[PDB]
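J.: PDB, C-alpha atoms, saved as input.pdb, coming up:
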```pdb
MODEL        1
ATOM      1  CA  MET Z   1     132.456 129.966 147.074  1.00  0.00           C
ATOM      2  CA  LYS Z   2     134.077 128.172 149.974  1.00  0.00           C
ATOM      3  CA  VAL Z   3     136.945 130.018 151.593  1.00  0.00           C
ATOM      4  CA  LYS Z   4     138.950 126.831 150.918  1.00  0.00           C
ATOM      5  CA  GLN Z   5     138.354 127.219 147.194  1.00  0.00           C
ATOM      6  CA  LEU Z   6     139.719 130.759 147.290  1.00  0.00           C
ATOM      7  CA  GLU Z   7     142.681 129.709 149.473  1.00  0.00           C
ATOM      8  CA  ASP Z   8     143.416 126.905 147.023  1.00  0.00           C
ATOM      9  CA  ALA Z   9     143.483 129.430 144.121  1.00  0.00           C
ATOM     10  CA  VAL Z  10     145.841 131.621 146.158  1.00  0.00           C
ATOM     11  CA  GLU Z  11     148.096 128.624 146.834  1.00  0.00           C
ATOM     12  CA  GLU Z  12     148.255 127.928 143.089  1.00  0.00           C
ATOM     13  CA  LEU Z  13     149.363 131.527 142.521  1.00  0.00           C
ATOM     14  CA  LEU Z  14     152.003 131.257 145.238  1.00  0.00           C
ATOM     15  CA  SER Z  15     153.345 128.161 143.443  1.00  0.00           C
ATOM     16  CA  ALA Z  16     153.397 130.119 140.165  1.00  0.00           C
ATOM     17  CA  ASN Z  17     155.258 132.990 141.824  1.00  0.00           C
ATOM     18  CA  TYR Z  18     157.801 130.637 143.405  1.00  0.00           C
ATOM     19  CA  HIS Z  19     158.838 129.311 140.029  1.00  0.00           C
ATOM     20  CA  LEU Z  20     158.671 132.732 138.367  1.00  0.00           C
ATOM     21  CA  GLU Z  21     160.910 134.265 141.080  1.00  0.00           C
ATOM     22  CA  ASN Z  22     163.417 131.405 140.609  1.00  0.00           C
ATOM     23  CA  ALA Z  23     163.547 131.981 136.816  1.00  0.00           C
ATOM     24  CA  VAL Z  24     163.984 135.747 137.232  1.00  0.00           C
ATOM     25  CA  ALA Z  25     166.711 135.341 139.814  1.00  0.00           C
ATOM     26  CA  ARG Z  26     168.524 132.893 137.537  1.00  0.00           C
ATOM     27  CA  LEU Z  27     168.314 135.162 134.510  1.00  0.00           C
ATOM     28  CA  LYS Z  28     169.432 138.201 136.545  1.00  0.00           C
ATOM     29  CA  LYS Z  29     172.604 136.257 137.456  1.00  0.00           C
ATOM     30  CA  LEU Z  30     173.196 135.301 133.811  1.00  0.00           C
ATOM     31  CA  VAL Z  31     172.873 139.025 132.830  1.00  0.00           C
ATOM     32  CA  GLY Z  32     175.270 139.862 135.675  1.00  0.00           C
TER      33      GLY Z  32
ATOM     34  CA  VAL M   1     172.868 139.995 126.725  1.00  0.00           C
ATOM     35  CA  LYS M   2     170.119 142.232 125.283  1.00  0.00           C
ATOM     36  CA  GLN M   3     167.839 139.201 124.798  1.00  0.00           C
ATOM     37  CA  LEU M   4     168.269 138.114 128.443  1.00  0.00           C
ATOM     38  CA  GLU M   5     167.647 141.681 129.628  1.00  0.00           C
ATOM     39  CA  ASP M   6     164.476 141.762 127.525  1.00  0.00           C
ATOM     40  CA  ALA M   7     163.341 138.450 129.122  1.00  0.00           C
ATOM     41  CA  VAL M   8     164.000 139.772 132.635  1.00  0.00           C
ATOM     42  CA  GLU M   9     161.923 142.898 131.888  1.00  0.00           C
ATOM     43  CA  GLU M  10     159.065 140.697 130.586  1.00  0.00           C
ATOM     44  CA  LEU M  11     159.214 138.561 133.673  1.00  0.00           C
ATOM     45  CA  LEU M  12     159.133 141.604 136.028  1.00  0.00           C
ATOM     46  CA  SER M  13     155.911 142.604 134.234  1.00  0.00           C
ATOM     47  CA  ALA M  14     154.573 139.077 134.769  1.00  0.00           C
ATOM     48  CA  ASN M  15     155.651 139.023 138.437  1.00  0.00           C
ATOM     49  CA  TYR M  16     153.962 142.386 139.034  1.00  0.00           C
ATOM     50  CA  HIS M  17     150.564 141.231 137.735  1.00  0.00           C
ATOM     51  CA  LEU M  18     150.862 137.929 139.512  1.00  0.00           C
ATOM     52  CA  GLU M  19     151.545 139.631 142.881  1.00  0.00           C
ATOM     53  CA  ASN M  20     148.704 142.138 142.385  1.00  0.00           C
ATOM     54  CA  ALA M  21     146.350 139.162 142.122  1.00  0.00           C
ATOM     55  CA  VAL M  22     147.815 137.448 145.187  1.00  0.00           C
ATOM     56  CA  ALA M  23     147.682 140.572 147.363  1.00  0.00           C
ATOM     57  CA  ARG M  24     144.143 141.366 146.433  1.00  0.00           C
ATOM     58  CA  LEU M  25     142.777 137.807 146.709  1.00  0.00           C
ATOM     59  CA  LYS M  26     144.483 137.454 150.114  1.00  0.00           C
ATOM     60  CA  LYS M  27     142.378 140.480 151.118  1.00  0.00           C
ATOM     61  CA  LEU M  28     139.242 138.733 149.904  1.00  0.00           C
ATOM     62  CA  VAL M  29     140.224 135.614 151.935  1.00  0.00           C
TER      63      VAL M  29
ATOM     64  CA  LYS F   1     132.202 140.152 145.139  1.00  0.00           C
ATOM     65  CA  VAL F   2     132.500 138.667 141.620  1.00  0.00           C
ATOM     66  CA  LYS F   3     134.150 141.908 140.455  1.00  0.00           C
ATOM     67  CA  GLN F   4     137.135 141.259 142.748  1.00  0.00           C
ATOM     68  CA  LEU F   5     137.482 137.759 141.241  1.00  0.00           C
ATOM     69  CA  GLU F   6     137.190 139.109 137.718  1.00  0.00           C
ATOM     70  CA  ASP F   7     139.834 141.777 138.456  1.00  0.00           C
ATOM     71  CA  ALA F   8     142.208 139.044 139.595  1.00  0.00           C
ATOM     72  CA  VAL F   9     141.525 137.021 136.439  1.00  0.00           C
ATOM     73  CA  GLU F  10     142.340 140.137 134.339  1.00  0.00           C
ATOM     74  CA  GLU F  11     145.638 140.542 136.206  1.00  0.00           C
ATOM     75  CA  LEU F  12     146.512 136.905 135.656  1.00  0.00           C
ATOM     76  CA  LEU F  13     145.768 137.174 131.915  1.00  0.00           C
ATOM     77  CA  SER F  14     148.358 139.996 131.736  1.00  0.00           C
ATOM     78  CA  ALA F  15     150.752 137.862 133.794  1.00  0.00           C
ATOM     79  CA  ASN F  16     150.308 134.964 131.353  1.00  0.00           C
ATOM     80  CA  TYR F  17     150.820 137.228 128.322  1.00  0.00           C
ATOM     81  CA  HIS F  18     154.173 138.545 129.610  1.00  0.00           C
ATOM     82  CA  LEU F  19     155.344 135.154 130.857  1.00  0.00           C
ATOM     83  CA  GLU F  20     154.616 133.500 127.513  1.00  0.00           C
ATOM     84  CA  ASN F  21     156.554 136.306 125.732  1.00  0.00           C
ATOM     85  CA  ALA F  22     159.621 135.510 127.821  1.00  0.00           C
ATOM     86  CA  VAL F  23     159.267 131.745 127.270  1.00  0.00           C
ATOM     87  CA  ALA F  24     158.921 132.053 123.499  1.00  0.00           C
ATOM     88  CA  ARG F  25     162.010 134.262 123.301  1.00  0.00           C
ATOM     89  CA  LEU F  26     164.192 132.190 125.672  1.00  0.00           C
ATOM     90  CA  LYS F  27     163.285 129.101 123.622  1.00  0.00           C
ATOM     91  CA  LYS F  28     164.599 130.875 120.512  1.00  0.00           C
ATOM     92  CA  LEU F  29     167.791 131.735 122.443  1.00  0.00           C
ATOM     93  CA  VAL F  30     168.335 128.080 123.459  1.00  0.00           C
ATOM     94  CA  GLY F  31     168.486 127.628 119.670  1.00  0.00           C
TER      95      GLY F  31
ATOM     96  CA  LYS S   1     176.301 126.443 129.997  1.00  0.00           C
ATOM     97  CA  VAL S   2     173.045 126.151 128.047  1.00  0.00           C
ATOM     98  CA  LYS S   3     171.527 124.141 130.906  1.00  0.00           C
ATOM     99  CA  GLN S   4     171.178 127.404 132.832  1.00  0.00           C
ATOM    100  CA  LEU S   5     168.749 128.713 130.172  1.00  0.00           C
ATOM    101  CA  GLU S   6     166.926 125.431 129.817  1.00  0.00           C
ATOM    102  CA  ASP S   7     166.473 125.278 133.599  1.00  0.00           C
ATOM    103  CA  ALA S   8     165.028 128.832 133.539  1.00  0.00           C
ATOM    104  CA  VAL S   9     162.641 127.775 130.716  1.00  0.00           C
ATOM    105  CA  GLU S  10     161.566 124.709 132.730  1.00  0.00           C
ATOM    106  CA  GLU S  11     160.886 126.892 135.758  1.00  0.00           C
ATOM    107  CA  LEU S  12     158.830 129.238 133.581  1.00  0.00           C
ATOM    108  CA  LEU S  13     156.778 126.353 132.245  1.00  0.00           C
ATOM    109  CA  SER S  14     156.190 125.239 135.870  1.00  0.00           C
ATOM    110  CA  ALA S  15     155.113 128.800 136.702  1.00  0.00           C
ATOM    111  CA  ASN S  16     152.699 128.826 133.727  1.00  0.00           C
ATOM    112  CA  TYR S  17     151.222 125.428 134.759  1.00  0.00           C
ATOM    113  CA  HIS S  18     150.196 126.868 138.111  1.00  0.00           C
ATOM    114  CA  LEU S  19     149.128 130.155 136.578  1.00  0.00           C
ATOM    115  CA  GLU S  20     146.794 128.342 134.151  1.00  0.00           C
ATOM    116  CA  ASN S  21     145.404 126.376 137.116  1.00  0.00           C
ATOM    117  CA  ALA S  22     144.726 129.555 139.090  1.00  0.00           C
ATOM    118  CA  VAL S  23     142.967 131.232 136.185  1.00  0.00           C
ATOM    119  CA  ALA S  24     140.742 128.197 135.637  1.00  0.00           C
ATOM    120  CA  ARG S  25     139.923 127.991 139.367  1.00  0.00           C
ATOM    121  CA  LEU S  26     138.919 131.633 139.461  1.00  0.00           C
ATOM    122  CA  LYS S  27     136.937 131.521 136.206  1.00  0.00           C
ATOM    123  CA  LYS S  28     134.947 128.611 137.697  1.00  0.00           C
ATOM    124  CA  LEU S  29     134.173 130.704 140.771  1.00  0.00           C
ATOM    125  CA  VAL S  30     133.276 133.767 138.682  1.00  0.00           C
ATOM    126  CA  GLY S  31     130.603 131.552 137.063  1.00  0.00           C
ATOM    127  CA  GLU S  32     129.037 130.288 140.323  1.00  0.00           C
TER     128      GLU S  32
ENDMDL
END
```
Starting from the file, give its structure as structure tokens.
T.:
Amino acid sequence: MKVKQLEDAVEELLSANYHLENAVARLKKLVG
Amino acid sequence: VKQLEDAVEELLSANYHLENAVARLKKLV
Amino acid sequence: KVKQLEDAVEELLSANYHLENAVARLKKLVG
Amino acid sequence: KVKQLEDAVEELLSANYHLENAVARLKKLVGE
């Protein structure tokens, strides 16, 4: 495993979390 | 309202597992 | 080690499960 | 506004795209 390959997996997860956080924030406001 | 609350709860569960993976893989890096 | 990678995969499978629950249900709401 | 919900859904599908990518990346590395 290259460290780059692990960093690239981590960057994918950060992208996932970005969108997930946006969706949660949006829904929290709709509940509000 | 109850449906949206349910969705939020599901997404907090998702966000938790996602961030566990991030934190621990960052430690591997 | 490979165990740390496998643990992360397990976490992400749980993440996917819960995310897909929310998507399926929000799609029904949109209807 | 229904667009609020549909935008949240779209964000979730974006999140799941990246999440699927991350899982596949890691599974490939598990099998090295």
J.: Could you please give me, as a list in words, the residues of protein, DNA or RNA lying at most 12 Å from (139.0, 128.9, 150.5) in the coordinate frame of the file, considering all atoms listed in the file?
T.: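 Looking at atoms near the point gives residues 1, 2, 3, 4, 5, 6, 7, 8, 9, 10, 11 and 12 of chain Z; 25, 26, 28 and 29 of chain M; 25, 26 and 29 of chain S.
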J.: With the file shown as input, list the residues that the ChimeraX specification (/M :<6) & /F selects, as a PyMOL selection string.
T.: chain F and resi 8+11-12+15+18-19+22
J.: Kindly resolve the PyMOL selection byres ((chain Z and resi 25) around 12) on the present coordinates and return the residues as a PyMOL selection string.
T.: (chain Z and resi 17-24+26-32) or (chain M and resi 4+7-9+11-12+15) or (chain S and resi 4-5+7-8+11-12)
J.: By how many Å are CA of residue 24 (chain F) and CA of residue 17 (chain S) apart?
T.: 15.2 Å
J.: With a distance threshold of 9 Å and counting only C-alpha atoms, extract the residues of chain F near chain S and express them as a ChimeraX atom specification.
T.: /F:2-3,5-6,8-9,12-13,15-16,19-20,22-23,26-27,29-30
